[PDB]
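As structure tokens, the structure follows; a few thoughts come after it.
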Amino acid sequence: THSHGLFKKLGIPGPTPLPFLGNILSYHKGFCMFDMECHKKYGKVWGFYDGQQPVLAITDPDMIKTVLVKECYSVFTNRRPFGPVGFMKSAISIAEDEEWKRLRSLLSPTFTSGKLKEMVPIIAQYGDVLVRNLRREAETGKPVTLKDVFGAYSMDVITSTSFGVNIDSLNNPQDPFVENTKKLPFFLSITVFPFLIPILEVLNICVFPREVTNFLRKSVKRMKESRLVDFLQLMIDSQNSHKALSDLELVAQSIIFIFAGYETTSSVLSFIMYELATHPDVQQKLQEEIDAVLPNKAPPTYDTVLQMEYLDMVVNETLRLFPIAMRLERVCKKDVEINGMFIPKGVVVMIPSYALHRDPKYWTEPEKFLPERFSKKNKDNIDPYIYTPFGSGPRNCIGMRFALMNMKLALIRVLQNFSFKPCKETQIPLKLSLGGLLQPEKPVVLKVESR
Ligand code: HEM
Ligand SMILES: CC(C)(C)OC(=O)N[C@H](CS[C@H](Cc1ccccc1)C(=O)NCc1cccnc1)Cc1ccccc1
């Protein structure tokens, strides 16, 4: 301190920071709105300060590719640290440098296409649970809260695809597992006071409610020593050139996968159903495609899901509008130059995906939900370093193909059986949480009718 002269020195523009707070008061309307304003106010690069922490936003695609792919191992290896994390330091998305590289290797084969194909039957079964739970509300002409019913399904897939546990968490009961996973303003104080992280790490306050972590640490070792197709097994089989996965490390990845696949899968489904309800022609076109590929509500398979091109377009265009990461970030670990621009050590480089996905300079009518932008005709004109809903380079979303498959199997089975209509209580137009997550302000409620 005061680092608040850094961008002024390098001649990079940006909004003037306030002492101690940097630019964070500018987050009051949300990260996303701030990034769009900076994009329009300042052009291709700009800097700002989370507290004392310099953040350099970059929007040039070549420069993005340099940061995410070309210089990843050498410079831009880690994300911005947050805490306190406790033992979750060993989790893949949080770990750093060689320890992350290791964990990436031990977990990468778990997410192959081949392994994903063997997970489809198990992921198929809970699609049926999803329909029946939906019908009980469709037969009772009462509006439905999608996040609840989609969460129940996403919850259902996680416990099965990661541990073998099998529940209908929606109704079926207070089964011992649904509840510790229920615990599925503090994080802002971190940024003005990031020097308090090591404080909280010697105090063992875990952002992961220390009890849940205590529940699964023992829960895993119950499962481990009971067996001795799912993620736990795929990881246990792995610990049988890198030191094998420890027993606590395995747990920490389990936790990351539960987090990853719960509110992401559920929220993206809710975003998709909102678009399909408020664009009835897309919904019908999708329903026809599904009936053409799977006549008589034939059960979807891995191969038939990959066959559905309009399904893919609907999914991709939704992710354009609602990229739930909002931003991609890498810590600069060395003095470097990329594409004719100096970057000093310790700067956080940030790619503002939300802003890039809704930038008129690449997207016509960016606010409109228009699946055709992803027609095999048009999909080729889309810069992969502008549309980046799963990141890019060695540190992109490891769960990407699982998550696309998991969501699509849900949609297919659901669209075979129901149509989705707006209720008077639907928020139209949907608004984003002014807060820190990409979620709707009010939850998505829609009318559900049986075909
Ligand atoms: C639609 C759902 C999802 C989306 C849009 C999504 C998106 C992302 C994005 C944008 C990143 C950052 C990548 C980067 O910085 O370049 C990421 C990281 C990650 N995601 Fe996902 N994700 C989703 C679901 C999942 C699921 C289901 C898993 C299951 C395990 C998962 C596991 C991970 C992991 C482990 C990382 C950290 C990768 C690493 O640091 O090596 N994600 N995800
Ligand atoms: C800005 C603040 C500090 C408020 O919260 C974050 O920093 N939020 C996370 C960073 S840990 C994240 C999820 C998580 C893990 C433990 C406890 C809560 C949450 C994780 O790794 N989840 C797997 C995942 C999540 C979403 C998409 N795909 C994969 C979000 C994150 C986004 C992209 C890459 C890595 C992390």
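Order determines the names: the first chain of the structure tokens is A, the second B, and so forth; residues in each chain are numbered 1 upward, and ligands are numbered 1 upward as they are shown.
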### Task
For ligand 2, collect every residue having any atom at a distance of at most 7 Å from a ligand atom (counting only C-alpha atoms and all ligand atoms); output as a list in words.
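Checked against 7 Å with only C-alpha atoms and all ligand atoms; the hits are residues 82, 93, 94, 187, 207, 208, 256, 257, 259, 260, 264, 324, 325, 397 and 436 of chain A.
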### Query
Can you tell me which residues sit at most 7 Å away from ligand 1, counting only C-alpha atoms and all ligand atoms, written as a PyMOL selection string?
chain A and resi 68+92-94+100+104+256-257+260-261+264-265+268+319+323-325+328-329+388-393+395-400+402-404
Export, as a short mmCIF file (atom, residue, chain, number, x, y, z; two decimals), in the first residue's frame, the selected residues with N, CA, C and O atoms.
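The resulting file, out-v6.cif, is reproduced below:
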```cif
data_model
loop_
_atom_site.label_atom_id
_atom_site.label_comp_id
_atom_site.auth_asym_id
_atom_site.auth_seq_id
_atom_site.Cartn_x
_atom_site.Cartn_y
_atom_site.Cartn_z
N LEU A 68 -4.89 -17.62 -21.06
CA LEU A 68 -5.59 -18.84 -20.65
C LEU A 68 -4.90 -20.10 -21.16
O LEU A 68 -4.93 -21.14 -20.48
N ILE A 92 -9.28 -29.36 -6.06
CA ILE A 92 -8.61 -29.08 -7.33
C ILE A 92 -8.79 -27.62 -7.73
O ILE A 92 -7.84 -26.97 -8.20
N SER A 93 -10.00 -27.08 -7.59
CA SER A 93 -10.24 -25.74 -8.11
C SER A 93 -9.51 -24.68 -7.30
O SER A 93 -9.26 -23.59 -7.83
N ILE A 94 -9.08 -25.03 -6.08
CA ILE A 94 -8.44 -24.11 -5.14
C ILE A 94 -6.92 -24.31 -5.16
O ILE A 94 -6.16 -23.37 -4.90
N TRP A 100 -1.79 -28.42 -8.01
CA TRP A 100 -2.97 -28.45 -8.84
C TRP A 100 -2.73 -29.34 -10.06
O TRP A 100 -3.55 -30.21 -10.38
N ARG A 104 -5.08 -32.23 -11.16
CA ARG A 104 -5.68 -32.23 -12.49
C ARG A 104 -5.43 -33.56 -13.20
O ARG A 104 -6.33 -34.10 -13.85
N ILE A 256 -15.94 -30.49 -3.85
CA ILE A 256 -15.94 -29.61 -5.02
C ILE A 256 -16.95 -30.09 -6.05
O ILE A 256 -17.66 -29.27 -6.66
N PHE A 257 -17.07 -31.40 -6.25
CA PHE A 257 -17.96 -31.87 -7.32
C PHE A 257 -19.41 -31.65 -6.92
O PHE A 257 -20.25 -31.30 -7.76
N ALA A 260 -19.92 -27.82 -7.39
CA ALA A 260 -19.94 -27.62 -8.83
C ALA A 260 -21.28 -27.99 -9.44
O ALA A 260 -21.99 -27.14 -10.00
N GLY A 261 -21.69 -29.24 -9.26
CA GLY A 261 -22.81 -29.77 -10.02
C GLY A 261 -24.17 -29.57 -9.43
O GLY A 261 -25.16 -30.07 -9.99
N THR A 264 -24.97 -25.10 -10.07
CA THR A 264 -24.78 -24.81 -11.49
C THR A 264 -25.86 -25.47 -12.34
O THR A 264 -26.61 -24.80 -13.04
N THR A 265 -25.90 -26.81 -12.29
CA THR A 265 -26.86 -27.59 -13.06
C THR A 265 -28.28 -27.09 -12.83
O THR A 265 -29.04 -26.85 -13.78
N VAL A 268 -28.73 -23.38 -14.24
CA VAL A 268 -28.75 -23.30 -15.70
C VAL A 268 -30.05 -23.88 -16.26
O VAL A 268 -30.65 -23.30 -17.17
N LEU A 319 -26.25 -20.28 -22.15
CA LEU A 319 -24.98 -20.05 -21.45
C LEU A 319 -24.31 -18.76 -21.89
O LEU A 319 -23.54 -18.16 -21.11
N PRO A 323 -23.69 -16.83 -18.30
CA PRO A 323 -22.46 -17.58 -18.01
C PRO A 323 -22.18 -17.55 -16.51
O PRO A 323 -21.76 -16.52 -15.99
N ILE A 324 -22.43 -18.66 -15.81
CA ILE A 324 -22.58 -18.55 -14.37
C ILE A 324 -21.27 -18.29 -13.65
O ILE A 324 -21.31 -17.95 -12.47
N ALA A 325 -20.13 -18.35 -14.34
CA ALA A 325 -18.87 -17.93 -13.71
C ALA A 325 -18.69 -16.42 -13.72
O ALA A 325 -17.93 -15.90 -12.90
N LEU A 328 -13.61 -14.98 -15.53
CA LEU A 328 -12.46 -15.85 -15.41
C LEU A 328 -11.28 -15.02 -14.91
O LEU A 328 -11.14 -13.84 -15.24
N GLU A 329 -10.40 -15.66 -14.14
CA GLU A 329 -9.36 -14.93 -13.43
C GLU A 329 -8.11 -15.80 -13.31
O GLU A 329 -8.21 -17.01 -13.10
N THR A 388 -17.00 -18.07 -23.73
CA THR A 388 -16.16 -18.92 -22.89
C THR A 388 -16.92 -19.37 -21.64
O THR A 388 -16.45 -19.19 -20.52
N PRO A 389 -18.08 -20.01 -21.81
CA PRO A 389 -18.88 -20.37 -20.62
C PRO A 389 -18.21 -21.40 -19.73
O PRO A 389 -18.55 -21.51 -18.55
N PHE A 390 -17.22 -22.14 -20.23
CA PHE A 390 -16.48 -23.11 -19.43
C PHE A 390 -14.99 -22.77 -19.34
O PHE A 390 -14.16 -23.63 -19.00
N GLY A 391 -14.61 -21.54 -19.66
CA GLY A 391 -13.20 -21.21 -19.63
C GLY A 391 -12.50 -21.73 -20.87
O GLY A 391 -13.15 -22.09 -21.86
N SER A 392 -11.17 -21.77 -20.81
CA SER A 392 -10.33 -22.40 -21.83
C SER A 392 -8.94 -22.65 -21.25
O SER A 392 -8.57 -22.08 -20.23
N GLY A 393 -8.19 -23.51 -21.92
CA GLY A 393 -6.85 -23.88 -21.52
C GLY A 393 -6.80 -24.95 -20.44
O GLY A 393 -7.82 -25.48 -20.01
N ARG A 395 -6.79 -25.09 -17.47
CA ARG A 395 -7.55 -24.87 -16.25
C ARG A 395 -9.02 -24.54 -16.50
O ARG A 395 -9.64 -23.82 -15.71
N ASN A 396 -9.58 -25.06 -17.58
CA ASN A 396 -11.00 -24.86 -17.86
C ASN A 396 -11.85 -25.81 -17.02
O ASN A 396 -11.33 -26.64 -16.26
N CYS A 397 -13.17 -25.69 -17.18
CA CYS A 397 -14.09 -26.54 -16.44
C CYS A 397 -13.87 -28.01 -16.78
O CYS A 397 -14.14 -28.45 -17.91
N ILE A 398 -13.39 -28.76 -15.79
CA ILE A 398 -13.18 -30.18 -15.96
C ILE A 398 -14.50 -30.92 -16.09
O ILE A 398 -14.56 -32.00 -16.70
N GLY A 399 -15.56 -30.37 -15.52
CA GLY A 399 -16.84 -31.04 -15.56
C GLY A 399 -17.67 -30.72 -16.78
O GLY A 399 -18.87 -31.05 -16.80
N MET A 400 -17.09 -30.06 -17.79
CA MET A 400 -17.90 -29.47 -18.85
C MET A 400 -18.77 -30.51 -19.55
O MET A 400 -19.98 -30.34 -19.66
N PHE A 402 -19.61 -33.59 -18.64
CA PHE A 402 -20.59 -34.15 -17.71
C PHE A 402 -21.78 -33.22 -17.54
O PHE A 402 -22.94 -33.65 -17.60
N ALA A 403 -21.51 -31.93 -17.35
CA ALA A 403 -22.57 -30.97 -17.06
C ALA A 403 -23.48 -30.77 -18.27
O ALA A 403 -24.70 -30.71 -18.12
N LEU A 404 -22.91 -30.66 -19.48
CA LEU A 404 -23.74 -30.60 -20.69
C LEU A 404 -24.60 -31.84 -20.84
O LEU A 404 -25.79 -31.75 -21.15
#
```
Per-residue nearest contacts range 254-282 of chain A to range 365-385 of chain A, cut-off 10 Å, using only C-alpha atoms, as a tab-separated table:
```
residue	atom	partner	partner_atom	distance
A:275	CA	A:369	CA	7.3
A:276	CA	A:369	CA	9.6
A:278	CA	A:369	CA	9.6
A:279	CA	A:369	CA	8.3
A:282	CA	A:371	CA	8.1
```
### Task
Determine, counting only C-alpha atoms, which protein, DNA and RNA residues have an atom within 10 Å of an atom of residue 70 in chain A; residues of the same chain fewer than 5 positions away are not included. Present the result as an NGL selection string.
:A and (62-65 or 75-76 or 338 or 393-394)
Selection from above, N, CA and C atoms, as a PDB file, in the first residue's frame, can you write it?
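Now in again.pdb:
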```
ATOM      1  N   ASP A  62      -6.786 -12.593 -28.718  1.00  0.00           N
ATOM      2  CA  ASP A  62      -5.424 -13.113 -28.728  1.00  0.00           C
ATOM      3  C   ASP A  62      -4.789 -12.986 -27.358  1.00  0.00           C
ATOM      4  N   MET A  63      -4.958 -11.828 -26.724  1.00  0.00           N
ATOM      5  CA  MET A  63      -4.433 -11.636 -25.379  1.00  0.00           C
ATOM      6  C   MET A  63      -5.081 -12.608 -24.401  1.00  0.00           C
ATOM      7  N   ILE A  64      -6.398 -12.822 -24.528  1.00  0.00           N
ATOM      8  CA  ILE A  64      -7.073 -13.824 -23.709  1.00  0.00           C
ATOM      9  C   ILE A  64      -6.465 -15.200 -23.939  1.00  0.00           C
ATOM     10  N   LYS A  65      -6.316 -15.597 -25.205  1.00  0.00           N
ATOM     11  CA  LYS A  65      -5.730 -16.904 -25.494  1.00  0.00           C
ATOM     12  C   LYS A  65      -4.316 -17.028 -24.925  1.00  0.00           C
ATOM     13  N   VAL A  75       2.895 -18.847 -16.117  1.00  0.00           N
ATOM     14  CA  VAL A  75       2.617 -17.558 -15.502  1.00  0.00           C
ATOM     15  C   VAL A  75       1.255 -17.576 -14.844  1.00  0.00           C
ATOM     16  N   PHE A  76       0.236 -17.826 -15.645  1.00  0.00           N
ATOM     17  CA  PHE A  76      -1.150 -17.633 -15.248  1.00  0.00           C
ATOM     18  C   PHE A  76      -1.767 -18.951 -14.798  1.00  0.00           C
ATOM     19  N   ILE A 338       2.618  -9.714 -22.629  1.00  0.00           N
ATOM     20  CA  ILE A 338       1.748 -10.505 -23.496  1.00  0.00           C
ATOM     21  C   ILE A 338       1.157  -9.570 -24.541  1.00  0.00           C
ATOM     22  N   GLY A 393      -8.190 -23.512 -21.916  1.00  0.00           N
ATOM     23  CA  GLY A 393      -6.850 -23.882 -21.520  1.00  0.00           C
ATOM     24  C   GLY A 393      -6.801 -24.950 -20.444  1.00  0.00           C
ATOM     25  N   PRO A 394      -5.588 -25.272 -19.984  1.00  0.00           N
ATOM     26  CA  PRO A 394      -5.418 -26.378 -19.018  1.00  0.00           C
ATOM     27  C   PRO A 394      -6.289 -26.290 -17.765  1.00  0.00           C
TER      28      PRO A 394
END
```
Report as JSON lines: every residue of range 379-433 of chain A with an atom at most 8 Å from range 301-306 of chain A, its closest pair of atoms, and their distance in Å to one decimal, counting only C-alpha atoms, with rows sorted by chain and ascending residue number.
```
{"residue": "A:405", "atom": "CA", "partner": "A:305", "partner_atom": "CA", "distance": 7.5}
{"residue": "A:408", "atom": "CA", "partner": "A:305", "partner_atom": "CA", "distance": 7.1}
{"residue": "A:409", "atom": "CA", "partner": "A:305", "partner_atom": "CA", "distance": 7.1}
```
### Query
Which residues come within 10 Å of residue 163 in chain A, counting only C-alpha atoms, excluding same-chain residues fewer than 3 positions away, as a ChimeraX atom specification?
/A:157-160,166,220,223-224,229-233,254
Keeping N, CA, C and O atoms, export the residues of the selection given above as a PDB file, in the first residue's frame.
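Once everything was written out, this is part.pdb:
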```
ATOM      1  N   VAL A 157     -28.704 -36.526  -8.853  1.00  0.00           N
ATOM      2  CA  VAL A 157     -27.636 -37.009  -9.722  1.00  0.00           C
ATOM      3  C   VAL A 157     -26.297 -36.978  -8.998  1.00  0.00           C
ATOM      4  O   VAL A 157     -25.469 -37.883  -9.152  1.00  0.00           O
ATOM      5  N   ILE A 158     -26.064 -35.948  -8.192  1.00  0.00           N
ATOM      6  CA  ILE A 158     -24.756 -35.791  -7.563  1.00  0.00           C
ATOM      7  C   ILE A 158     -24.464 -36.976  -6.653  1.00  0.00           C
ATOM      8  O   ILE A 158     -23.490 -37.713  -6.856  1.00  0.00           O
ATOM      9  N   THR A 159     -25.334 -37.194  -5.660  1.00  0.00           N
ATOM     10  CA  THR A 159     -25.132 -38.279  -4.702  1.00  0.00           C
ATOM     11  C   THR A 159     -24.978 -39.624  -5.397  1.00  0.00           C
ATOM     12  O   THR A 159     -24.271 -40.503  -4.893  1.00  0.00           O
ATOM     13  N   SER A 160     -25.618 -39.809  -6.553  1.00  0.00           N
ATOM     14  CA  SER A 160     -25.500 -41.088  -7.247  1.00  0.00           C
ATOM     15  C   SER A 160     -24.227 -41.148  -8.085  1.00  0.00           C
ATOM     16  O   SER A 160     -23.471 -42.122  -8.001  1.00  0.00           O
ATOM     17  N   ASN A 166     -28.661 -43.107  -3.254  1.00  0.00           N
ATOM     18  CA  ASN A 166     -29.831 -43.050  -4.126  1.00  0.00           C
ATOM     19  C   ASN A 166     -31.057 -42.621  -3.334  1.00  0.00           C
ATOM     20  O   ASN A 166     -31.571 -43.391  -2.517  1.00  0.00           O
ATOM     21  N   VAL A 220     -17.332 -40.625   3.880  1.00  0.00           N
ATOM     22  CA  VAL A 220     -16.541 -41.222   2.809  1.00  0.00           C
ATOM     23  C   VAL A 220     -15.836 -42.471   3.311  1.00  0.00           C
ATOM     24  O   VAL A 220     -15.882 -43.527   2.667  1.00  0.00           O
ATOM     25  N   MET A 223     -17.964 -45.436   3.376  1.00  0.00           N
ATOM     26  CA  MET A 223     -18.088 -46.000   2.037  1.00  0.00           C
ATOM     27  C   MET A 223     -16.785 -46.642   1.582  1.00  0.00           C
ATOM     28  O   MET A 223     -16.793 -47.726   0.989  1.00  0.00           O
ATOM     29  N   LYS A 224     -15.658 -45.988   1.824  1.00  0.00           N
ATOM     30  CA  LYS A 224     -14.360 -46.510   1.406  1.00  0.00           C
ATOM     31  C   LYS A 224     -14.134 -47.919   1.934  1.00  0.00           C
ATOM     32  O   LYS A 224     -13.754 -48.824   1.184  1.00  0.00           O
ATOM     33  N   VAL A 229     -18.644 -47.580 -10.397  1.00  0.00           N
ATOM     34  CA  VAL A 229     -19.128 -46.862 -11.578  1.00  0.00           C
ATOM     35  C   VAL A 229     -19.114 -45.315 -11.422  1.00  0.00           C
ATOM     36  O   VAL A 229     -19.181 -44.589 -12.416  1.00  0.00           O
ATOM     37  N   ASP A 230     -18.973 -44.807 -10.193  1.00  0.00           N
ATOM     38  CA  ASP A 230     -19.152 -43.387  -9.882  1.00  0.00           C
ATOM     39  C   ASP A 230     -17.819 -42.699  -9.542  1.00  0.00           C
ATOM     40  O   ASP A 230     -16.757 -43.330  -9.511  1.00  0.00           O
ATOM     41  N   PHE A 231     -17.901 -41.384  -9.262  1.00  0.00           N
ATOM     42  CA  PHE A 231     -16.707 -40.544  -9.086  1.00  0.00           C
ATOM     43  C   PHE A 231     -15.836 -41.017  -7.925  1.00  0.00           C
ATOM     44  O   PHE A 231     -14.602 -41.003  -8.015  1.00  0.00           O
ATOM     45  N   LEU A 232     -16.459 -41.367  -6.800  1.00  0.00           N
ATOM     46  CA  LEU A 232     -15.702 -41.892  -5.667  1.00  0.00           C
ATOM     47  C   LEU A 232     -14.920 -43.133  -6.071  1.00  0.00           C
ATOM     48  O   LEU A 232     -13.717 -43.235  -5.806  1.00  0.00           O
ATOM     49  N   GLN A 233     -15.593 -44.090  -6.717  1.00  0.00           N
ATOM     50  CA  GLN A 233     -14.912 -45.300  -7.159  1.00  0.00           C
ATOM     51  C   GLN A 233     -13.826 -44.963  -8.168  1.00  0.00           C
ATOM     52  O   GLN A 233     -12.683 -45.418  -8.042  1.00  0.00           O
ATOM     53  N   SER A 254     -14.590 -34.578  -3.736  1.00  0.00           N
ATOM     54  CA  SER A 254     -16.010 -34.913  -3.667  1.00  0.00           C
ATOM     55  C   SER A 254     -16.832 -33.668  -3.408  1.00  0.00           C
ATOM     56  O   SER A 254     -17.786 -33.353  -4.136  1.00  0.00           O
TER      57      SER A 254
END
```
### Message
Show me, as a PyMOL selection string, the residues that have an atom within 8 Å of range 41-46 of chain A when counting only C-alpha atoms, minus same-chain residues fewer than 3 positions from it.
### Response
chain A and resi 12-14+37-38+56-60
Based on the selection just made, write N, CA and C atoms of those residues as a tab-separated table (two decimals), in the first residue's frame.
```tsv
chain	number	residue	atom	x	y	z
A	12	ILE	N	-2.49	2.53	-17.91
A	12	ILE	CA	-3.74	1.82	-18.17
A	12	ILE	C	-4.88	2.59	-17.53
A	13	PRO	N	-5.97	2.85	-18.24
A	13	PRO	CA	-7.07	3.64	-17.66
A	13	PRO	C	-7.88	2.78	-16.72
A	14	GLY	N	-8.81	3.42	-16.02
A	14	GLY	CA	-9.66	2.76	-15.06
A	14	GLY	C	-10.32	3.73	-14.10
A	37	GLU	N	-19.95	-1.51	-17.85
A	37	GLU	CA	-19.68	-0.08	-17.90
A	37	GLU	C	-18.21	0.17	-18.21
A	38	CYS	N	-17.32	-0.57	-17.54
A	38	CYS	CA	-15.90	-0.37	-17.78
A	38	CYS	C	-15.55	-0.66	-19.22
A	56	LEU	N	-6.51	-6.34	-13.51
A	56	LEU	CA	-6.42	-5.87	-14.89
A	56	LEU	C	-7.41	-6.65	-15.75
A	57	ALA	N	-8.42	-5.96	-16.27
A	57	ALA	CA	-9.36	-6.58	-17.18
A	57	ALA	C	-8.80	-6.56	-18.61
A	58	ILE	N	-8.92	-7.69	-19.31
A	58	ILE	CA	-8.48	-7.80	-20.69
A	58	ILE	C	-9.62	-8.38	-21.51
A	59	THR	N	-9.75	-7.88	-22.72
A	59	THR	CA	-10.82	-8.29	-23.62
A	59	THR	C	-10.34	-8.60	-25.03
A	60	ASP	N	-9.04	-8.51	-25.32
A	60	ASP	CA	-8.60	-8.91	-26.65
A	60	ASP	C	-8.50	-10.42	-26.74
```
### Task
Would you mind listing what lies within 10 Å of residue 287 in chain A as a VMD selection string, with only C-alpha atoms counted and same-chain residues fewer than 2 positions away left out?
chain A and resid 281 to 285 289 to 292 310 to 311 411 to 412 414 to 419
For those residues, write C-alpha atoms to a file as a PDB file, in the first residue's frame.
```
ATOM      1  CA  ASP A 281     -41.598 -21.374 -30.640  1.00  0.00           C
ATOM      2  CA  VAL A 282     -38.148 -22.511 -29.481  1.00  0.00           C
ATOM      3  CA  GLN A 283     -39.764 -24.844 -26.935  1.00  0.00           C
ATOM      4  CA  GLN A 284     -41.949 -26.377 -29.668  1.00  0.00           C
ATOM      5  CA  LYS A 285     -39.085 -26.663 -32.167  1.00  0.00           C
ATOM      6  CA  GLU A 289     -36.534 -32.496 -32.597  1.00  0.00           C
ATOM      7  CA  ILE A 290     -36.669 -34.709 -29.510  1.00  0.00           C
ATOM      8  CA  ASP A 291     -39.668 -36.625 -30.863  1.00  0.00           C
ATOM      9  CA  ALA A 292     -37.916 -37.084 -34.234  1.00  0.00           C
ATOM     10  CA  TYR A 310     -31.037 -27.669 -31.687  1.00  0.00           C
ATOM     11  CA  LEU A 311     -30.830 -28.931 -28.119  1.00  0.00           C
ATOM     12  CA  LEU A 411     -34.288 -31.353 -20.628  1.00  0.00           C
ATOM     13  CA  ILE A 412     -34.969 -34.160 -23.096  1.00  0.00           C
ATOM     14  CA  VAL A 414     -38.796 -33.192 -19.323  1.00  0.00           C
ATOM     15  CA  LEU A 415     -39.649 -31.743 -22.756  1.00  0.00           C
ATOM     16  CA  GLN A 416     -40.944 -35.125 -23.927  1.00  0.00           C
ATOM     17  CA  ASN A 417     -43.585 -34.918 -21.174  1.00  0.00           C
ATOM     18  CA  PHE A 418     -44.534 -31.309 -20.341  1.00  0.00           C
ATOM     19  CA  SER A 419     -44.994 -27.906 -21.855  1.00  0.00           C
TER      20      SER A 419
END
```
### Query
Between A:126, A:222, A:134, A:345, which one has atoms that come closest to residue 6 in chain A, using only C-alpha atoms?
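Answer, going by the shortest atom-to-atom distance: A:345.
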### Task
Provide the CA of residue 317 in chain A to CA of residue 280 in chain A distance in Å, to one decimal place.
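Separation of CA of residue 317 in chain A and CA of residue 280 in chain A: 15.6 Å.
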### Task
Run DSSP on the backbone of this structure and report the residues of range 1-67 of chain A it assigns to alpha helix (DSSP H), as a ChimeraX atom specification.
/A:6-10,31-42,61-65
Got time to write the residues from that selection, C-alpha atoms, as a PDB file, in the first residue's frame?
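Once everything was written out, this is result.pdb:
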```pdb
ATOM      1  CA  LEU A   6      -0.106   1.055 -10.368  1.00  0.00           C
ATOM      2  CA  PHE A   7      -2.374   1.465 -13.388  1.00  0.00           C
ATOM      3  CA  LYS A   8      -1.782   5.211 -13.386  1.00  0.00           C
ATOM      4  CA  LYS A   9       1.916   4.365 -13.770  1.00  0.00           C
ATOM      5  CA  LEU A  10       1.582   1.772 -16.555  1.00  0.00           C
ATOM      6  CA  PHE A  31     -20.009  -7.317 -10.878  1.00  0.00           C
ATOM      7  CA  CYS A  32     -21.601  -7.670 -14.270  1.00  0.00           C
ATOM      8  CA  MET A  33     -22.990  -4.177 -14.691  1.00  0.00           C
ATOM      9  CA  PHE A  34     -19.642  -2.770 -13.544  1.00  0.00           C
ATOM     10  CA  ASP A  35     -17.756  -4.832 -16.117  1.00  0.00           C
ATOM     11  CA  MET A  36     -20.103  -3.715 -18.910  1.00  0.00           C
ATOM     12  CA  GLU A  37     -19.679  -0.079 -17.901  1.00  0.00           C
ATOM     13  CA  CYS A  38     -15.902  -0.369 -17.776  1.00  0.00           C
ATOM     14  CA  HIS A  39     -15.908  -2.103 -21.145  1.00  0.00           C
ATOM     15  CA  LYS A  40     -17.839   0.763 -22.754  1.00  0.00           C
ATOM     16  CA  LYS A  41     -16.096   3.523 -20.757  1.00  0.00           C
ATOM     17  CA  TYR A  42     -12.510   2.342 -21.346  1.00  0.00           C
ATOM     18  CA  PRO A  61      -9.090 -12.517 -27.873  1.00  0.00           C
ATOM     19  CA  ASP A  62      -5.424 -13.113 -28.728  1.00  0.00           C
ATOM     20  CA  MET A  63      -4.433 -11.636 -25.379  1.00  0.00           C
ATOM     21  CA  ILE A  64      -7.073 -13.824 -23.709  1.00  0.00           C
ATOM     22  CA  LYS A  65      -5.730 -16.904 -25.494  1.00  0.00           C
TER      23      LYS A  65
END
```
### Task
Pull the strand (DSSP E) assignments for range 231-354 of chain A out of DSSP run on the backbone, and list those residues as a ChimeraX atom specification.
/A:328-331,336-337,342-343,348-351
### Task
Might you pull out every residue within 8 Å of residue 48 in chain A, with only C-alpha atoms counted and same-chain residues fewer than 4 positions away left off, and present them as a PyMOL selection string?
chain A and resi 7+14-17+22-23+54-56
